[PDB]
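Q: Please see the structure below; I have some questions.
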Amino acid sequence: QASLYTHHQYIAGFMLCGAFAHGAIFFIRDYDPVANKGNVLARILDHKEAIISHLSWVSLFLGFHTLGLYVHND
Amino acid sequence: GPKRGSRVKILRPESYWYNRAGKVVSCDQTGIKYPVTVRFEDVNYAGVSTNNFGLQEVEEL
Amino acid sequence: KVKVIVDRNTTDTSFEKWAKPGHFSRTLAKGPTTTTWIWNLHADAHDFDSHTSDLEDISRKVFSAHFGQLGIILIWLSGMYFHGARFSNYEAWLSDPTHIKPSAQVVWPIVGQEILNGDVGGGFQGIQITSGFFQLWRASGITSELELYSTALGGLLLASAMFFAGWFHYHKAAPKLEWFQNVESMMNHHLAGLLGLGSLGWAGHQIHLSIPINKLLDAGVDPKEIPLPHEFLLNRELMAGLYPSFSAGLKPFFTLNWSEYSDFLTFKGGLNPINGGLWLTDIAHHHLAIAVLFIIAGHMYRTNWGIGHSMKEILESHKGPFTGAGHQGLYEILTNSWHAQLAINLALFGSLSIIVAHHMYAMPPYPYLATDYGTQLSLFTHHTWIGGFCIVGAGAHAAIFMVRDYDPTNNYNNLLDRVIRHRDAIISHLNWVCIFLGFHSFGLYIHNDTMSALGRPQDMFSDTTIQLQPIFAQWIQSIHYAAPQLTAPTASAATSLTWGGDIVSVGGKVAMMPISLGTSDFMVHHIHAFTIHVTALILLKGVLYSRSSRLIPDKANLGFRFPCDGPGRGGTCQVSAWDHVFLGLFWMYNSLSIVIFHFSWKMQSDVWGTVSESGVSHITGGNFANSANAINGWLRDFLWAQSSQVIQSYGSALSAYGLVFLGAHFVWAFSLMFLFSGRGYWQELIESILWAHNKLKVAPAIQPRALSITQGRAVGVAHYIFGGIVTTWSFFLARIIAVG
Amino acid sequence: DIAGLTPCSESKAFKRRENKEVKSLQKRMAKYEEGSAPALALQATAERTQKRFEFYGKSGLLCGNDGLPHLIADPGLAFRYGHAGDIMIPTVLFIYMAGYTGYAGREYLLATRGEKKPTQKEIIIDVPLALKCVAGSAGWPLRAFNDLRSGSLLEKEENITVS
Amino acid sequence: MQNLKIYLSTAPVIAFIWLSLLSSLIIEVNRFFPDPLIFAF
Amino acid sequence: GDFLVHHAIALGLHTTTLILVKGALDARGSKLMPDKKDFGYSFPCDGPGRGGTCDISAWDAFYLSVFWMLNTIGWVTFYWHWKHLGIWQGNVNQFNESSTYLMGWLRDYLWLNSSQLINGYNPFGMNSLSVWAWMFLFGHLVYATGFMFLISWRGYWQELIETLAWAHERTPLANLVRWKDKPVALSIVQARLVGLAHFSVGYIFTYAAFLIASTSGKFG
Amino acid sequence: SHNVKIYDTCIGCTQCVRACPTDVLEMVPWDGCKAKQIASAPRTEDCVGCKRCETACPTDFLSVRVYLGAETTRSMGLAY
Ligand code: CLA
Ligand code: CLA
Ligand code: CLA
Ligand code: CLA
Ligand SMILES: CC1=CCCC(C)(C)[C@H]1/C=C/C(C)=C/C=C/C(C)=C/C=C/C=C(C)/C=C/C=C(C)/C=C/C1=C(C)CCCC1(C)C
Ligand code: SF4
Ligand code: SF4
Ligand code: SF4
C-alpha cells in the first residue's frame, strides 16, 4: 500500500504542476485578448492582483499560525 | 495644447505611472511624436522620475 | 624622519550628522527613494573607499575604528569575568574541579524556562560552560571572587579608555598620512612592544603568581588557606619555601649561571599527570624564552638612527632570473593600500587560528582540560571556523585590491605582474589537481560503499583488506617519540603524548593517549586536501580574473561587486569577484565541517572516555578505522549514533540544545529560498501586494523593492552557513555535555 | 462528553500527568539542603506548577485520552456547552489587538502623506504625530465602518495595473 | 538636544525601544499572571 | 496531530497554486517587464537593468513550484505513513501523542525507521535491505549534486572552461585531438532544468527507499 | 544572431551607443525628436546580448529592446 499511495500522490503532483505550466503557455502564446474581449478569461486578467493578493494572505495565515503552533508546542 | 505645471493622469498601457498623477514640466509647440514631458514624485524601477508622452495618452485633471 | 605629525580639531564632534542618515556617501545623502536605500546604506557604511579618496581621511577612519573593536572586546572580557564573579560556581569548582562541572550563566525563573538551570555541583544551578574560563583562571592563580570583580571593573574601565582614544584620535587629534606611512617604526614597536614586552610581563606574572599558587593547589590546599597574591612578591621567605632558589635572589641571573633556576625554570615537555596540563614551570620558561627573542627581532628596522634595515631595500634587492624584476613594487603597494595589507593579514592571522586549534588540542596547556571534554572540543571547533572565515577574508580583499587599488604604472614586469599574465596556467593546473583528488580522495569511499553492499568485504580498502597506510605521518611520529634522546637531548620527555608516548589519566578520565594513524586516517586527509584545494581554486580564480577575464575584457570597470554583465554570451550570471567569495563560503563551510567530524569522532574513538583501568574503554568503544572507511558508517556510526544524545533531551538541563538543533535546520532550509529563487519573480509578486495596499490607500512612501541580486545571494549564504554551523554547535554540546 | 472528551478535572491521565512531574522534580531537590537556594527555587516551582493544575481542572478544559487539554473552535459548541474562553473570546481580543496596530498604521501614513517629501517622514518618525495616531486609533471598529460607508477607506479606481 | 532627538526618532531606534517596551510588558504579564492558556479568570 | 498537519497540507496547496497562478497571469506581462508576451515563454531574464530582472519569466515561475510540490506531497506522504505505522504496529499512541510537536517527527518517525535501513551495507554483513541501504545514499548524493546547479550560476563556470579549453589546446599530445563543437558552459535555463532534475531524482529515491525499507524491515 | 530594434520613444540621448561593448548602436540623425536624433542598429551580428543598452535608456519604457536570437561564434563571444 505504501509504495502505491505515494506513487499516485507524487504522480498526481507533477501532473498538476504541468496543468498550470500549459496554463501559462496558453496565455503566453495562443490566447487572444481581442476575440476574448469581455469574456470570462479576460475578466480574470482584468483583476490579476486580487487573486494573487488573496492567495498571498491565505498562504501567510497558514504560514505563521501552523508553524507558530508547532514551535509553541515544541 | 496642455500647459505646464497642470496636473495629469496617464493612460499609457505600458508604464510605471499608468493611472498615476503627474505634473507637466514642459509642453512643446511642435510636431513631435511625444511632445509632452511629465514629472512624477515617484521613482520608476530604472530610477526614472520623468518621461515624455503623447497627446492621445496624457489627460489633465 | 619618523615623527608624530598630527592634525588638530579635524572634524567636529556633534550629533549634526547622526540625524542625517547616509551622510557619508554622496549617493545616499539624498534620502530614500525606494526601500533599497535602507539596504544600500549598511553595505556602504564601513566601505571607506567609497566615502573618500585620500589616505588621510580613510586611515583616520580605519585607525580610529580599531579602538571601537577593542572597546567592544573589553566590555566582552569584562562581562565574562563578571559572570565568573557573581553568577558562576567558580569557588566550588575551584575546590573540587575533578567533579563539578563549570557554570556561569543563570536563568531568571520566568516563562517556565528555569528548567534550563542544570543541577551541576557546588549546590548550584545554571548553564554548563564550554568556554574554558575556569580552567584558565586556575592557571592564572585566581582564587577568590575579588580578583574577578577587579578584572571586570578594570576591564570595563580600560574599555572606556579606548573609546576616548577612539574619539580623541579622529575628532580631536588625528595623525597625518606620514604617520601611518611609518612601517619600520610600527614593526619595531609591535614586534618588540606588544609581543616582546607582553611576553615578559606575562612571564613575570607566572613566576610570581601562577607557579607558586598552582603548586599549593595540587599539593592539596584549597583557596581558604592560599596566601593573597601580594603575599608572594612581598615575602621572599614565603616564596623561598616553595622554590628554594628565590633565596639566591637576582645574583644567579646577574652572576650569569641560570642553571640555578632549574627548579622554577625547567625544560620538560609532556603533560603533568595530576592536572593534565602542561607542566607550568616551563611555560614561564616558554614566554621568557620568546620575549627575549622578540625584542631582538624588533631591532632589525632602522628609524631615526641609521641602524637596521629599511624595507624598500630588502625587497628591491631580490631579483631572480626567472622572475624578472623580482619585488620592486611590493613596498609601495603595501604602504599605499589597506585592502592589500588586509588580505595578507587575514591570510596568516586566519590560518594561525586553525594552527592553535591543533596545539591547544594536542597538548592542553591548562589544568584539568582533560576531565572536561566539552571544552577541548568546543575550542577545537571554535578556532577552526574563526580561522576559516578569516582565510576567506584574504580571498575577498585581495580581489578588492585588484579591482580598485591596483595600478599598472607602479608594477611592470613585477612578481604581481608576471602572475596576472600566465594566470591561465595556474588556474588550469589547480583545476586539474582537484579533479585528481576528486576521484582519488572521495571516490575511494564509493568503492568502499559499493563493495560492501555487494557482499565482498575482501575488496574495500581497510586494515584487513588492501593496505593504504599513512607511511610518512606514521614515520613522523617515530622521530618525535625518539626525539628526547638525541635530537632533543635536554628534556623530560617528548613534547606531547600523541606521539609514541603512554597514556595519562586524571579523575578516571584519559588526559591524552597516543593516536595511531590507520587506513581510514589516510583516506580522510586526502579529503581534507581535496576540499582545501577546491576552495583555493575558487578564491584564486576570483583574484586573477577580478580585473578582466578572457570573456569579459572590461570587468574592472563593472566594480568589485556586481551581478552578471549580460544574459548574453550564454549569460554572465555571477561572474564578478564578489561572487567568487560567495562560492568560496560553501567550500569553506564544507571543508571545515568535515575537518571537525574527522576530529570529534576520531578523538572520541581513539582517545576520550573514562579510564576503565583494564580496557580503557572509549566513548564509542574505539570504532573509527574499522567503523568509518566508506561513507557507509558515517551515517550510522556517527550522525545517527552520536545524535541520540540531543534528541532524547526535553525536560532536561540541555534541552535548549534540542530546540536549537531543529532551529538550525529551519534557518538552513530557509536559506535555500534565497539561493534557488531569483529577484524578478519576487519583484513581480510585490507588484501585486501593492495593489492591495493601494486599494486600501495604505501604500507606503518608501517604495518596496525586492532585494538586489547580490543582496539575495548574500542573505542566502548568511543563513546556509549560519543555520548549518549552529547544528554542529548544538550537536556537539548536547552530545558531550551528556557523555563527557 | 463533547467529542468523546472529558473535563480535565475528572480526567485521569491528566492527574498522572500532574503528579508525575512533581515526583521527578522533588527527587531532584532532595540533592540540595535547605540552606541552598536551589532547594528553594525547585520548591517554588513545584508549588507554582500545582497551582496551574488546580486552575486547569477548575476552569473546565477538556482533556482527551492523553490527558492534555484540547480546545474547540465552533461558536455553537464553545458557547452552548459553556467553554468559549479557548478561542471564541480571545479571537475577539486578538482582532482588537491586531486591528488597533493595523489601523494605527494607516492614519500615520495619511497624516505624513501630504508634505514636501513624505519619504524622510517614514524613516524618521515624529513620535508626537505617531502618538496622536496611537491615541486616535482606539475604537477603530467604529472608525473603520465610517471610512467604509463614507467611502474614504478605499482608494477606488486610480490604482495602477499592468496590461 | 535638537539633533539627539532626531536620531532617537530614526526607524531602528524606535523599533528597538518600542519592542523592548512590549517585550518587557509581555514578559511581566507572565510574571504576575502565569501560564495563561484560556481566558478563564 | 491530525489537525495541525491538515493545515500544513492546506498551506502547501496554496503556495503551490500561488506560484503557478502567478506565472499564468504574469505570463502576459507585469509592471517590471510588460513585454513577456512577445519575449518568448522560457527565457533567462531581461538583464540586470531597472533593478536586475531574474527569474522574470513564466518558466522560472513554474520552476519554483516543483520545490513546493515536493513539500506538500512530502508532508502528505509523511503524514500518511506515520499515522499508519502506529496502526500497523498496533498502537495509536505513537502518533497522537508525539504528533503535535515537531520533534516526534524527527525523534520518533525518522530515528526508528533509519535503524533498519542503514544496517544494509553494515560491515558485519549484508542484510536483505542492503539494496535500499545503498540507494538511500544514492538518493542524497543526487539531491546534493542538485545544489551545484541551482546555486552556482553560469558565469563562474564559463570562465573555468576557458582555462581548460586553453590547457587542452596548448598541451602536447592533445594538440592533435580536438573538439568539433566548442565546449561552453551550458545555458542559464538549461542548468536550472538540470538542477531541478537532480533535486527531484534525489528527493524521490531517498523517500522511496526509506518508505519501502521501513515497512519491509519491520512489516508494520 | 541577436535581434535589436528601436522605437519612436527615443530621445536620442546616445546613452545606448556609449554602452555597447561591440559598438552596434549608431546614432542616425532624425527629425521628430527633441534633439532630432535617433539610434539604430546596423549590426545585429555583433550584439552580444549584454543588454547594457536597456539599462541605459532614460526612457520610461525602453526605446531599445534586445530580443535574444540564436548564438553564433561572435554572439557567444568565444575566444575558442
Ligand atoms: C501528457 C503530458 C504532457 C505533454 C504532452 C507535454 C508536452 C509538452 N510540454 Mg510539458 N509538462 C508536463 C506534461 C506534458 N507536457 C508536466 C506534467 C509538466 C510538469 C513537470 C510539464 C512541464 C513543462 C515545461 C516546463 C515545459 C513543457 C514543454 C512542453 C512542450 C515541449 C516538451 C519538450 O520539449 O520536451 C522535450 C523532451 C525533454 C525536454 C526531455 C527532458 C527530460 C526531463 C528533463 C526529465 C529528466 C529527468 C529524468 C526522468 C531522470 C531519470 C532518472 C534516472 C536517471 C534514475 C510540449 C508541448 C516546454 C514548452 O512547451 O516550452 C515552450 C516547457 O518549457 N512542459
Ligand atoms: C611599544 C609600542 C607600541 C605598542 C605596544 C602598540 C600596541 C598596539 N598597536 Mg601600535 N603603533 C606604535 C607603537 C605601539 N603600538 C607606533 C609607534 C605606531 C606608529 C606607526 C603605531 C601604529 C599603529 C596602528 C596604525 C595600529 C596600531 C595598533 C596597535 C594595537 C594592536 C592591535 C591589537 O590586537 O592590540 C591588542 C590590544 C591589547 C593587547 C590591549 C592593550 C592596549 C593598551 C592600551 C596598550 C597600548 C599602548 C600603546 C603604545 C599606546 C600607549 C600610548 C598612549 C597611551 C598615549 C596595539 C594596542 C592597531 C590598533 O589596534 O589600532 C588601534 C593599529 O591599527 N598601532
Ligand atoms: C554532492 C554534491 C556535489 C558534488 C558531487 C560536486 C562535485 C564537484 N564540484 Mg561542486 N558544488 C556543490 C555540490 C557538489 N559538487 C554545491 C552545492 C556547490 C555550491 C557552492 C558547488 C560548487 C562548486 C564549485 C564552485 C566548484 C565545484 C567543483 C566541483 C568538482 C570538483 C572536481 C571533482 O571532485 O570531480 C571528481 C568527481 C567526483 C568527486 C564525483 C564522484 C563520482 C564518482 C567518483 C565517479 C562516477 C564513476 C562513473 C562515471 C559513474 C557513471 C557511469 C554511468 C554514466 C553509467 C566536482 C565535479 C569545482 C570544480 O569543478 O573545479 C575542480 C569548483 O570550482 N563545485
Ligand atoms: C502598518 C501598516 C500596514 C498595514 C495597514 C498593512 C495592511 C495589509 N497588509 Mg501589510 N505590510 C506592512 C505594513 C502594513 N500592512 C509592512 C511594514 C510589511 C513588510 C515590510 C507588510 C507586508 C505585507 C505582505 C507581505 C502582505 C501584506 C498584506 C496586507 C493586507 C492583509 C493584512 C495582513 O494579513 O497582513 C499581514 C501582515 C504581515 C504579514 C506583516 C505585517 C507586519 C507589521 C504589521 C508591520 C509593522 C507595521 C508598522 C510598524 C506600524 C507603524 C505604526 C506607527 C508608524 C504609527 C493588508 C492590506 C498581505 C496582503 O496583501 O493580503 C491582502 C500580504 O500578502 N503586507
Ligand atoms: C491556469 C490555466 C491555464 C489556462 C486554462 C486553464 C483552464 C488550463 C487554466 C486552469 C488550470 C487548472 C488545473 C485549474 C484548476 C485545477 C483544480 C485544482 C481543479 C479542482 C477542482 C475541484 C472541484 C471542482 C471540486 C468540487 C466539489 C467536489 C468535488 C465535492 C462535491 C460533493 C461534497 C463536497 C460532498 C460529497 C458529495 C458532493 C456533493 C459530490
Ligand atoms: S537573471 Fe539574474 S542571473 Fe541570469 S543574468 Fe540576469 S541577473 Fe545575472
Ligand atoms: S535609445 Fe534610449 S538611450 Fe539610446 S538614444 Fe534613444 S533614448 Fe537615448
Ligand atoms: S546587448 Fe547587444 S546591443 Fe545591447 S549592448 Fe550588449 S551588444 Fe550592444
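Identifiers for the C-alpha cells are assigned positionally: chains receive A, B, ... in sequence, residues are indexed from 1 per chain, and ligands are indexed from 1 in the order shown.
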Please write out the residues within 7 Å of ligand 2 as a ChimeraX atom specification, counting only C-alpha atoms and all ligand atoms.

A: /C:63-64,66-67,70,179-183,185-186,189-190,192-194

Q: Can you write out the residues you just picked, keeping N, CA, C and O atoms, as a short mmCIF file (atom, residue, chain, number, x, y, z; two decimals), in the first residue's frame?

A:
```
data_model
loop_
_atom_site.label_atom_id
_atom_site.label_comp_id
_atom_site.auth_asym_id
_atom_site.auth_seq_id
_atom_site.Cartn_x
_atom_site.Cartn_y
_atom_site.Cartn_z
N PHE C 63 41.86 53.72 11.55
CA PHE C 63 42.57 53.63 12.82
C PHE C 63 41.65 53.95 13.98
O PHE C 63 41.61 53.23 14.98
N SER C 64 40.88 55.03 13.86
CA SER C 64 40.00 55.40 14.96
C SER C 64 38.94 54.35 15.24
O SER C 64 38.40 54.32 16.34
N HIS C 66 39.49 50.98 14.97
CA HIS C 66 40.05 49.83 15.67
C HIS C 66 39.85 49.97 17.17
O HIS C 66 39.62 48.97 17.86
N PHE C 67 39.94 51.19 17.68
CA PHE C 67 39.59 51.42 19.08
C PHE C 67 38.18 50.94 19.38
O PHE C 67 37.91 50.43 20.47
N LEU C 70 38.23 47.20 19.91
CA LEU C 70 38.88 46.90 21.18
C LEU C 70 38.03 47.34 22.35
O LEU C 70 37.99 46.68 23.39
N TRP C 179 52.38 59.69 9.28
CA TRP C 179 52.48 58.90 10.50
C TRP C 179 52.08 57.47 10.24
O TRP C 179 52.74 56.54 10.70
N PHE C 180 51.00 57.25 9.49
CA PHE C 180 50.63 55.89 9.15
C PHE C 180 51.55 55.28 8.12
O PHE C 180 51.48 54.08 7.89
N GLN C 181 52.41 56.08 7.49
CA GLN C 181 53.33 55.56 6.50
C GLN C 181 54.60 55.00 7.10
O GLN C 181 55.46 54.54 6.35
N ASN C 182 54.77 55.04 8.42
CA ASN C 182 55.99 54.52 9.02
C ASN C 182 55.69 53.07 9.38
O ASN C 182 55.07 52.79 10.40
N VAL C 183 56.18 52.16 8.55
CA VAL C 183 56.04 50.74 8.83
C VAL C 183 57.14 50.27 9.75
O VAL C 183 56.91 49.51 10.69
N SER C 185 59.05 51.75 11.96
CA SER C 185 58.75 52.05 13.35
C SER C 185 57.64 51.16 13.87
O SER C 185 57.80 50.48 14.89
N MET C 186 56.52 51.14 13.17
CA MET C 186 55.38 50.34 13.59
C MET C 186 55.77 48.89 13.80
O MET C 186 55.29 48.24 14.73
N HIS C 189 57.95 48.42 16.90
CA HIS C 189 57.17 48.51 18.12
C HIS C 189 56.28 47.30 18.33
O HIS C 189 56.35 46.65 19.38
N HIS C 190 55.42 46.98 17.37
CA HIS C 190 54.53 45.84 17.56
C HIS C 190 55.29 44.59 17.94
O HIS C 190 54.92 43.88 18.87
N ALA C 192 58.48 44.22 19.09
CA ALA C 192 59.11 44.35 20.39
C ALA C 192 58.12 44.76 21.48
O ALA C 192 58.08 44.15 22.55
N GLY C 193 57.34 45.80 21.23
CA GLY C 193 56.49 46.34 22.28
C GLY C 193 55.33 45.46 22.69
O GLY C 193 55.24 45.09 23.87
N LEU C 194 54.44 45.11 21.77
CA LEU C 194 53.40 44.15 22.09
C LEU C 194 53.98 42.82 22.49
O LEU C 194 53.93 42.43 23.66
#
```

Q: Compile the contact shell of residue F:17 as number ranges by chain: residues with an atom at most 10 Å away, counting only C-alpha atoms, same-chain residues fewer than 3 positions apart removed.

A: A: 16-17, 20, 52, 55, 59; F: 12-14, 20-23, 62, 65, 68-69

Q: Quick one: residues within 7 Å of ligand 4, with only C-alpha atoms and all ligand atoms, as a ChimeraX atom specification?

A: /A:53-54,56-57,60 /C:689,692-693,696,698 /D:101-106,108,125,130,133-134

Q: I need the chosen residues saved as a compact mmCIF listing (two decimals), in the first residue's frame, with N, CA, C and O atoms.

A:
```txt
# COMPACT_ATOMS: atom_id res chain seq x y z
N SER A 53 -3.21 38.48 -4.63
CA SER A 53 -3.05 39.02 -3.29
C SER A 53 -3.72 38.15 -2.25
O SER A 53 -3.18 37.96 -1.15
N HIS A 54 -4.89 37.60 -2.55
CA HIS A 54 -5.58 36.82 -1.53
C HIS A 54 -4.93 35.47 -1.30
O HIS A 54 -4.83 35.02 -0.16
N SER A 56 -1.96 35.23 -1.40
CA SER A 56 -0.85 35.65 -0.57
C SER A 56 -1.26 35.89 0.87
O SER A 56 -0.41 35.87 1.76
N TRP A 57 -2.54 36.13 1.13
CA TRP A 57 -2.97 36.21 2.51
C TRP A 57 -3.18 34.82 3.10
O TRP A 57 -2.69 34.53 4.19
N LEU A 60 -0.01 33.05 3.84
CA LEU A 60 0.69 33.56 5.01
C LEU A 60 -0.02 33.20 6.30
O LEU A 60 0.62 32.86 7.29
N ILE C 689 0.98 42.83 -4.25
CA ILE C 689 0.63 43.20 -2.89
C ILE C 689 0.45 44.70 -2.76
O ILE C 689 -0.38 45.17 -1.99
N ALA C 692 -2.97 45.65 -3.20
CA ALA C 692 -3.79 45.51 -2.00
C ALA C 692 -3.67 46.74 -1.13
O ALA C 692 -4.68 47.28 -0.68
N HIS C 693 -2.45 47.21 -0.88
CA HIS C 693 -2.29 48.37 -0.02
C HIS C 693 -2.82 49.62 -0.70
O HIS C 693 -3.42 50.47 -0.04
N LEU C 696 -6.51 49.85 -0.36
CA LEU C 696 -6.83 50.36 0.97
C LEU C 696 -6.14 51.67 1.27
O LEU C 696 -6.22 52.15 2.41
N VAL C 698 -3.13 52.41 1.77
CA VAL C 698 -2.09 52.26 2.78
C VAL C 698 -0.69 52.29 2.16
O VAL C 698 0.29 52.04 2.85
N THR D 101 -3.19 48.14 16.00
CA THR D 101 -1.95 48.46 15.33
C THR D 101 -2.11 48.50 13.82
O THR D 101 -1.36 49.20 13.13
N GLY D 102 -3.08 47.76 13.28
CA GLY D 102 -3.32 47.83 11.86
C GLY D 102 -3.83 49.19 11.43
O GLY D 102 -3.27 49.82 10.54
N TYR D 103 -4.89 49.66 12.09
CA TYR D 103 -5.47 50.93 11.70
C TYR D 103 -4.63 52.11 12.16
O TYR D 103 -4.72 53.18 11.56
N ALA D 104 -3.84 51.94 13.22
CA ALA D 104 -2.91 53.00 13.62
C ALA D 104 -1.77 53.15 12.63
O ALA D 104 -1.03 54.13 12.70
N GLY D 105 -1.60 52.20 11.73
CA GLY D 105 -0.57 52.31 10.72
C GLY D 105 -1.09 53.03 9.50
O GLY D 105 -0.31 53.58 8.73
N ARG D 106 -2.40 53.02 9.32
CA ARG D 106 -2.98 53.66 8.15
C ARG D 106 -3.08 55.17 8.35
O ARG D 106 -2.77 55.93 7.43
N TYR D 108 -1.23 57.14 10.29
CA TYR D 108 0.09 57.73 10.24
C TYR D 108 0.53 57.96 8.81
O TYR D 108 1.08 59.02 8.48
N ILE D 125 10.42 58.93 12.31
CA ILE D 125 9.08 59.19 12.80
C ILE D 125 9.12 60.42 13.68
O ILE D 125 10.06 60.61 14.45
N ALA D 130 2.97 60.33 15.69
CA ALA D 130 2.64 58.93 15.84
C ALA D 130 1.85 58.67 17.11
O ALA D 130 1.01 57.78 17.14
N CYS D 133 -1.78 59.44 16.58
CA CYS D 133 -2.44 58.35 15.87
C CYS D 133 -2.67 57.15 16.77
O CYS D 133 -3.75 56.54 16.72
N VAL D 134 -1.69 56.78 17.59
CA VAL D 134 -1.87 55.66 18.51
C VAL D 134 -3.05 55.93 19.43
O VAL D 134 -3.81 55.03 19.78
```

Q: If we count only C-alpha atoms and set the cut-off at 7 Å, which residues sit around residue G:46, ignoring sequence neighbours fewer than 3 positions away in its own chain? Please answer as an mmCIF file with N, CA and C atoms, in the first residue's frame.

A:
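Contents of selection.cif, as written:
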```
data_model
loop_
_atom_site.group_PDB
_atom_site.id
_atom_site.type_symbol
_atom_site.label_atom_id
_atom_site.label_comp_id
_atom_site.auth_asym_id
_atom_site.auth_seq_id
_atom_site.Cartn_x
_atom_site.Cartn_y
_atom_site.Cartn_z
ATOM 1 N N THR G 22 30.450 46.133 -28.186
ATOM 2 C CA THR G 22 30.778 45.820 -29.568
ATOM 3 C C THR G 22 30.442 46.943 -30.532
ATOM 4 N N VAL G 24 27.470 48.363 -31.603
ATOM 5 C CA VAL G 24 26.384 48.084 -32.524
ATOM 6 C C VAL G 24 25.594 49.353 -32.787
ATOM 7 N N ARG G 43 24.412 46.606 -37.077
ATOM 8 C CA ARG G 43 24.906 45.252 -36.868
ATOM 9 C C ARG G 43 24.017 44.548 -35.856
ATOM 10 N N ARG G 74 30.391 34.737 -32.765
ATOM 11 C CA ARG G 74 30.522 36.093 -32.251
ATOM 12 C C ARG G 74 29.559 36.349 -31.103
ATOM 13 N N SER G 75 28.292 35.996 -31.290
ATOM 14 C CA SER G 75 27.280 36.281 -30.288
ATOM 15 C C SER G 75 27.403 35.400 -29.055
#
```

Q: Counting only C-alpha atoms, a student should be able to say which residues of chain D come within 7 Å of chain B; what is the right answer, written as a list in words?

A: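 Here they are: residues 158, 159, 160, 162 and 163 of chain D.
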
Q: Produce as a list in words the set of residues near ligand 5, where near means within 7 Å with only C-alpha atoms and all ligand atoms considered.

A: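 Counting only what the definition allows, namely only C-alpha atoms and all ligand atoms, the set is residues 16, 19, 20, 22, 23, 24, 26 and 27 of chain A; 21 and 24 of chain F.
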
Q: Could you list, as a PyMOL selection string, all the residues within 8 Å of ligand 7, counting only C-alpha atoms and all ligand atoms?

A: chain G and resi 6-7+9-17+25+27+37-39+53-54+56-59+62-64

Q: Residues at most 10 Å from ligand 8, using only C-alpha atoms and all ligand atoms? Could they come as an NGL selection string?

A: (:C and (565-569)) or (:F and (47)) or (:G and (1-5 or 16-26 or 41 or 43-56 or 64-68 or 75))

Q: If we count only C-alpha atoms, which residues of chain C reach to within 12 Å of chain D? Please list them as an NGL selection string.

A: :C and (18-22 or 29-35 or 37-38 or 106-115 or 117-126 or 651-652 or 684 or 687-704)

Q: Counting only C-alpha atoms and all ligand atoms, what are the residues of chain C within 6 Å of ligand 3, and for each of them which pair of atoms is the nearest and at what distance in Å, to one decimal? Sort the table by chain and rising number, as a tab-separated table.

A:
```
residue	atom	partner	partner_atom_place_in_ligand_line	distance
C:431	CA	ligand 3	62 (C)	4.7
C:434	CA	ligand 3	62 (C)	4.8
C:435	CA	ligand 3	32 (C)	3.9
C:438	CA	ligand 3	34 (O)	3.2
C:439	CA	ligand 3	44 (C)	4.7
C:442	CA	ligand 3	39 (C)	5.6
C:443	CA	ligand 3	44 (C)	4.1
C:534	CA	ligand 3	58 (C)	5.8
C:538	CA	ligand 3	64 (O)	5.6
C:583	CA	ligand 3	20 (C)	4.9
C:586	CA	ligand 3	20 (C)	4.8
```

Q: Would you list the residues that come within 8 Å of ligand 1? Count only C-alpha atoms and all ligand atoms and give the answer as a tab-separated table (two decimals) with N, CA and C atoms, in the first residue's frame.

A:
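Output file result30.tsv is given in full below:
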```tsv
chain	number	residue	atom	x	y	z
A	14	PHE	N	3.06	16.09	-10.08
A	14	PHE	CA	3.66	16.55	-11.32
A	14	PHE	C	2.61	16.93	-12.35
A	15	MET	N	1.52	16.18	-12.40
A	15	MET	CA	0.53	16.43	-13.45
A	15	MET	C	-0.16	17.77	-13.25
A	16	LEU	N	-0.41	18.16	-12.01
A	16	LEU	CA	-1.00	19.47	-11.77
A	16	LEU	C	0.00	20.59	-12.06
A	17	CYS	N	1.25	20.43	-11.63
A	17	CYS	CA	2.25	21.44	-11.96
A	17	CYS	C	2.43	21.58	-13.46
A	18	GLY	N	2.07	20.56	-14.23
A	18	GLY	CA	2.08	20.68	-15.67
A	18	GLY	C	0.78	21.23	-16.18
A	19	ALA	N	-0.30	21.02	-15.44
A	19	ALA	CA	-1.57	21.62	-15.82
A	19	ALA	C	-1.47	23.14	-15.81
A	21	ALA	N	1.56	24.88	-16.02
A	21	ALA	CA	2.54	25.32	-17.00
A	21	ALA	C	1.88	25.53	-18.35
A	22	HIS	N	1.25	24.49	-18.88
A	22	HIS	CA	0.49	24.65	-20.11
A	22	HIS	C	-0.65	25.63	-19.94
A	25	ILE	N	1.69	28.54	-20.91
A	25	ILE	CA	1.99	28.52	-22.33
A	25	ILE	C	0.78	28.92	-23.14
F	41	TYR	N	8.52	32.37	-24.12
F	41	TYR	CA	7.98	31.74	-22.92
F	41	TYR	C	9.04	31.50	-21.87
F	42	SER	N	10.02	30.66	-22.17
F	42	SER	CA	11.10	30.38	-21.25
F	42	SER	C	12.35	31.11	-21.72
F	59	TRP	N	8.46	30.46	-17.16
F	59	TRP	CA	9.03	29.14	-16.92
F	59	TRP	C	9.70	29.09	-15.57
F	62	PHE	N	6.99	28.56	-12.92
F	62	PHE	CA	6.76	27.13	-12.79
F	62	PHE	C	7.91	26.44	-12.07
F	63	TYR	N	9.13	26.71	-12.51
F	63	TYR	CA	10.33	26.13	-11.94
F	63	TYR	C	10.29	26.14	-10.42
F	66	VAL	N	7.74	23.33	-8.40
F	66	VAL	CA	8.17	21.97	-8.12
F	66	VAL	C	8.71	21.85	-6.71
F	193	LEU	N	16.99	23.65	-15.12
F	193	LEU	CA	16.28	22.44	-15.52
F	193	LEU	C	17.06	21.20	-15.12
F	194	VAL	N	18.36	21.19	-15.41
F	194	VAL	CA	19.19	20.09	-14.93
F	194	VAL	C	19.21	20.08	-13.41
F	197	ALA	N	16.13	18.55	-11.90
F	197	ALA	CA	16.07	17.11	-12.13
F	197	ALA	C	16.79	16.37	-11.02
F	198	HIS	N	18.03	16.75	-10.74
F	198	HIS	CA	18.76	16.15	-9.64
F	198	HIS	C	18.00	16.30	-8.33
F	201	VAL	N	15.08	13.73	-8.52
F	201	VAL	CA	15.53	12.34	-8.56
F	201	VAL	C	16.12	11.95	-7.22
```

Q: Return as JSON, numbers by chain the residues of protein, DNA or RNA that approach ligand 6 to within 10 Å, with only C-alpha atoms and all ligand atoms taken into account.

A: {"C": [562, 563, 564, 565, 566, 567, 568, 570, 571, 572, 573, 574, 575, 677, 678, 679, 680, 708, 709, 710], "F": [43, 44, 45, 46, 47, 48, 49, 51, 52, 53, 54, 55, 56, 57, 153, 154, 155, 187, 188, 189], "G": [50, 51]}

Q: Find, counting only C-alpha atoms, the residue in A:72, A:3, A:42, A:10 that gets nearest to residue F:203.

A: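 Using only C-alpha atoms, residue F:203 sits closest to A:10.
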